[PDB]
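J.: Mind looking over this structure? Questions follow.
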Amino acid sequence: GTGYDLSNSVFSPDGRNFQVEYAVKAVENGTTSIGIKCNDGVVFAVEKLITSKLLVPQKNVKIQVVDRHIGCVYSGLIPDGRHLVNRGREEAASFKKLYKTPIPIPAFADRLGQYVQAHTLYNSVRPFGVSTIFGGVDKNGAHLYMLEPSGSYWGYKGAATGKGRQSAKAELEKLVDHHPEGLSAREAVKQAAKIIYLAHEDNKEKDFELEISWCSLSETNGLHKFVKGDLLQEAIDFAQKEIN
Amino acid sequence: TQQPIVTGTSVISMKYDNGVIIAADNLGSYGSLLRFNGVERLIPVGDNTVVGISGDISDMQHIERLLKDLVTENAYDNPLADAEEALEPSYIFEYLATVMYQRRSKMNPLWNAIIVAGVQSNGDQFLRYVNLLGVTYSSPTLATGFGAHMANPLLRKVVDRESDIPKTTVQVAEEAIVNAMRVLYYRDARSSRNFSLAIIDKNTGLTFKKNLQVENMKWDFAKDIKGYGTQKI
């Protein structure tokens with residue numbers, strides 16, 4: 001029959017979970033955001049649409065940090081995004097408290113992964129309306145990760161999600177090809193600003209605000225930090241220049 | 001209801017014209033056995049607050065984690081974590097104070113005496129004490145345990161009343177503290193020769209001195225002392 005899309009834990013006859021699929025819709029509809037894994041860290045950037053001149057500039061920050069070494073950015077239902085990060089924070093804290101060592105990016109990934117997958121198991125809950133790009137540096141290098149409402153996630157060299165997800169994925173792939181030896185944290189910040197500016201064409205209607213953050217072993221001592229001031233403008237420029 | 005096991009002794013501190021000074025030896029006693037010698041009992045929270053802890057070490061370690069966590073937590077969704085919305089000593093104290101009184105009220109105290117020393121954002125010096133009962137108080141000088149008896153009378157001679165603080169320099173203050181540390185070495189059977197000293201100056205910031213030692217001790221007269229009354233040789 002039909003109606004296999006009214007409850008969250010139901011399998012359609014072809015083996016799907018429409019509710020989860022409908023969630024992905026809420027995501028694709030959201031702003032665009034990316035992650036670039038450089039050779040000793042990860043860079044995060046996001047598209048911040050300026051709905052009006054009323055929004056205090058530089059104020060409604062999107063990228064979130066978990067603990068001190070992990071960075072999170074997501075596209076879709078922001079509130080769901082935060083909800084997830086809160087859980088990640090508790091999740092990371094619980095971990096450190098028992099094992100002392102700050103939670104390894106991979107372990108954290110599956111920590112968020114199992115939680116999210118958990119919301120595709122019961123009809124009493126709604127799946128997450130967000131895709132999340134997150135990562136950081138740990139005992140063995142840097143890691144970039146993307147998590148889907150389905151709970152699925154994998155390690156990426158580059159990742160993008162949202163409205164301009166394709167333009168991005170397009171650009172990210174170009175990078176991967178023209179840099180087999182790796183990209184530097186400094187360079188990834190620039191390239192990210194560009195890739196965000198390009199992906200902004202599928203929303204060229206409203207003006208936006210760029211927001212980059214990175215976690216580099218050599219640049220930030222393995223700590224997640226927001227790219228501000230000079231280095232920021234410098235990237236905004238490197239992008240503004242190549243958009244013409 | 002517990003009973004301390006591995007412990008730390010006196011924690012002394014006073015305040016001068018520009019900031020505050022705080023020190024504590026690096027010992028971890030276990031009864032009369034001076035068991036551990038590399039114990040740092042001065043925890044810096046940020047760079048405008050140093051927390052001195054005496055009492056049960058295991059609980060001290062626990063409070064350390066709480067403090068570091070409080071730092072991580074503050075950074076969350078806080079673009080001004082290292083500015084207007086960074087941790088103030090007063091916040092760190094209130095938190096600790098809160099925790100301390102809650103534990104005693106639950107009949108499971110954190111067997112410690114603590115002194116939070118630092119400089120508020122508006123330049124003000126901050127120095128307050130709190131112990132396993134939750135009792136709190138401030139004075140131009142503060143010391144825990146043995147320092148409450150020997151260190152205070154010395155430091156109080158430098159800053160007896162409020163109006164004395166602006167008249168005290170870091171040199172004077174640091175000296176007073178260094179000396180007290182020595183006196184404590186002479187009469188506290190649970191003290192160590194090595195200690196750490198921290199200075200939080202509203203101008204120079206936090207200077208954390210480690211591996212200091214009590215020097216210039218007077219012992220020579222000991223030779224002239226024989227017997228315990230009538231013995232002549």
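Letters A, B, ... mark the chains of the structure tokens in the order given; residue numbers begin at 1 per chain; ligand numbers begin at 1, in order shown.
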What parts of range 10-163 of chain B does DSSP call strand (DSSP E)? I'd like the answer as a PyMOL selection string.
T.: chain B and resi 11-15+19-25+28-30+33-36+42-44+49-56+112-119+125-131+136-137+141-144
J.: As a ChimeraX atom specification, could you give me every residue of chain A near chain B (at most 12 Å apart, counting only C-alpha atoms)?
T.: /A:58-72,82,85-86,89-90,92-94,96-98,100,102,223-228
J.: Would you put the residues from that selection into a file with C-alpha atoms, as a PDB file, in the first residue's frame?
T.:
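Result saved to selection_35.pdb:
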```
ATOM      1  CA  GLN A  58      29.862  39.043  12.851  1.00  0.00           C
ATOM      2  CA  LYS A  59      27.342  38.231  15.557  1.00  0.00           C
ATOM      3  CA  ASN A  60      25.185  35.199  14.829  1.00  0.00           C
ATOM      4  CA  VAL A  61      28.084  32.711  14.812  1.00  0.00           C
ATOM      5  CA  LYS A  62      27.406  29.292  13.289  1.00  0.00           C
ATOM      6  CA  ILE A  63      30.520  27.119  13.616  1.00  0.00           C
ATOM      7  CA  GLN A  64      30.715  25.377  16.970  1.00  0.00           C
ATOM      8  CA  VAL A  65      33.579  23.822  18.886  1.00  0.00           C
ATOM      9  CA  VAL A  66      33.338  20.607  20.862  1.00  0.00           C
ATOM     10  CA  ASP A  67      35.789  20.411  23.754  1.00  0.00           C
ATOM     11  CA  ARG A  68      38.870  22.281  22.566  1.00  0.00           C
ATOM     12  CA  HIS A  69      40.066  20.426  19.455  1.00  0.00           C
ATOM     13  CA  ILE A  70      36.898  19.589  17.494  1.00  0.00           C
ATOM     14  CA  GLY A  71      34.964  21.805  15.124  1.00  0.00           C
ATOM     15  CA  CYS A  72      31.368  21.477  13.967  1.00  0.00           C
ATOM     16  CA  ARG A  82      23.024  22.779  18.163  1.00  0.00           C
ATOM     17  CA  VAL A  85      26.624  19.511  19.286  1.00  0.00           C
ATOM     18  CA  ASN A  86      25.346  19.628  22.875  1.00  0.00           C
ATOM     19  CA  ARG A  89      29.957  17.934  24.071  1.00  0.00           C
ATOM     20  CA  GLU A  90      28.516  15.703  26.783  1.00  0.00           C
ATOM     21  CA  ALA A  92      33.277  14.138  24.583  1.00  0.00           C
ATOM     22  CA  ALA A  93      33.258  15.133  28.272  1.00  0.00           C
ATOM     23  CA  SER A  94      32.099  11.703  29.388  1.00  0.00           C
ATOM     24  CA  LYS A  96      37.733  12.461  28.657  1.00  0.00           C
ATOM     25  CA  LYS A  97      36.582  12.055  32.255  1.00  0.00           C
ATOM     26  CA  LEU A  98      37.146   8.284  32.119  1.00  0.00           C
ATOM     27  CA  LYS A 100      41.689  11.284  30.480  1.00  0.00           C
ATOM     28  CA  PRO A 102      40.600  14.257  24.903  1.00  0.00           C
ATOM     29  CA  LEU A 223      43.247  23.586  18.923  1.00  0.00           C
ATOM     30  CA  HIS A 224      40.144  24.648  17.035  1.00  0.00           C
ATOM     31  CA  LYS A 225      40.029  28.391  16.415  1.00  0.00           C
ATOM     32  CA  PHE A 226      38.126  30.967  14.368  1.00  0.00           C
ATOM     33  CA  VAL A 227      39.975  32.674  11.557  1.00  0.00           C
ATOM     34  CA  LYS A 228      39.594  36.402  12.248  1.00  0.00           C
TER      35      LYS A 228
END
```
J.: Would you please give, as a list in words, all residues of range 14-81 of chain B that DSSP assigns to helix (DSSP H, G or I) based on the backbone?
T.: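 Here is the list: residues 57, 58, 59, 60, 61, 62, 63, 64, 65, 66, 67, 68, 69, 70, 71, 72, 73, 74 and 75 of chain B.
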J.: Give the answer as one residue: which of B:113, B:81, B:22, B:45 has the shortest atom-to-atom distance to residue 60 in chain B, using only C-alpha atoms?
T.: B:113
J.: Write out as a list in words each polymer residue whose atoms come within 10 Å of residue 6 in chain B, counting only C-alpha atoms; drop sequence neighbours fewer than 5 positions from it.
T.: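 Contacts, with the query itself left out: residues 27, 28, 29, 30, 31, 33, 34, 35, 36, 55, 56, 57, 58 and 59 of chain B.
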J.: Go ahead and save the residues from that selection, with N, CA and C atoms, as an mmCIF file, in the first residue's frame.
T.:
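The file below, part_32.cif, is the result:
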```
data_model
loop_
_atom_site.group_PDB
_atom_site.id
_atom_site.type_symbol
_atom_site.label_atom_id
_atom_site.label_comp_id
_atom_site.auth_asym_id
_atom_site.auth_seq_id
_atom_site.Cartn_x
_atom_site.Cartn_y
_atom_site.Cartn_z
ATOM 1 N N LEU B 27 54.639 19.452 48.169
ATOM 2 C CA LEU B 27 54.656 18.156 48.830
ATOM 3 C C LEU B 27 53.318 17.453 48.912
ATOM 4 N N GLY B 28 53.371 16.130 48.877
ATOM 5 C CA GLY B 28 52.175 15.321 48.978
ATOM 6 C C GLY B 28 52.434 14.325 50.077
ATOM 7 N N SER B 29 52.065 14.683 51.303
ATOM 8 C CA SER B 29 52.275 13.817 52.470
ATOM 9 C C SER B 29 51.269 12.682 52.601
ATOM 10 N N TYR B 30 51.677 11.655 53.318
ATOM 11 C CA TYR B 30 50.843 10.488 53.532
ATOM 12 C C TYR B 30 51.123 10.087 54.968
ATOM 13 N N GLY B 31 50.584 10.866 55.897
ATOM 14 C CA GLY B 31 50.835 10.601 57.296
ATOM 15 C C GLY B 31 52.118 11.338 57.600
ATOM 16 N N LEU B 33 54.852 10.251 56.586
ATOM 17 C CA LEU B 33 55.682 9.952 55.420
ATOM 18 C C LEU B 33 55.556 11.008 54.333
ATOM 19 N N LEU B 34 56.620 11.780 54.133
ATOM 20 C CA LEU B 34 56.648 12.807 53.096
ATOM 21 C C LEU B 34 56.824 12.032 51.794
ATOM 22 N N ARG B 35 55.732 11.447 51.310
ATOM 23 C CA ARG B 35 55.734 10.588 50.130
ATOM 24 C C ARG B 35 55.943 11.153 48.724
ATOM 25 N N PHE B 36 55.213 12.200 48.354
ATOM 26 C CA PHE B 36 55.348 12.758 47.008
ATOM 27 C C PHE B 36 55.919 14.170 46.992
ATOM 28 N N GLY B 55 45.018 20.179 51.545
ATOM 29 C CA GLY B 55 44.088 19.170 51.988
ATOM 30 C C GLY B 55 44.337 17.885 51.234
ATOM 31 N N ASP B 56 43.287 17.090 51.048
ATOM 32 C CA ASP B 56 43.410 15.815 50.360
ATOM 33 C C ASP B 56 43.763 15.970 48.884
ATOM 34 N N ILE B 57 44.884 15.386 48.469
ATOM 35 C CA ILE B 57 45.322 15.504 47.086
ATOM 36 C C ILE B 57 44.362 14.905 46.071
ATOM 37 N N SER B 58 43.842 13.716 46.338
ATOM 38 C CA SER B 58 42.924 13.116 45.383
ATOM 39 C C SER B 58 41.780 14.089 45.083
ATOM 40 N N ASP B 59 41.237 14.745 46.113
ATOM 41 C CA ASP B 59 40.144 15.705 45.918
ATOM 42 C C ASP B 59 40.683 16.928 45.189
#
```
J.: Which residues, written as a list in words, have at least one atom at most 7 Å from range 208-223 of chain B, with only C-alpha atoms counted and residues fewer than 5 positions away on the same chain left out?
T.: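 Final neighbour list, sorted by chain and number: residues 182, 193, 194, 195, 196, 197, 198 and 199 of chain B.
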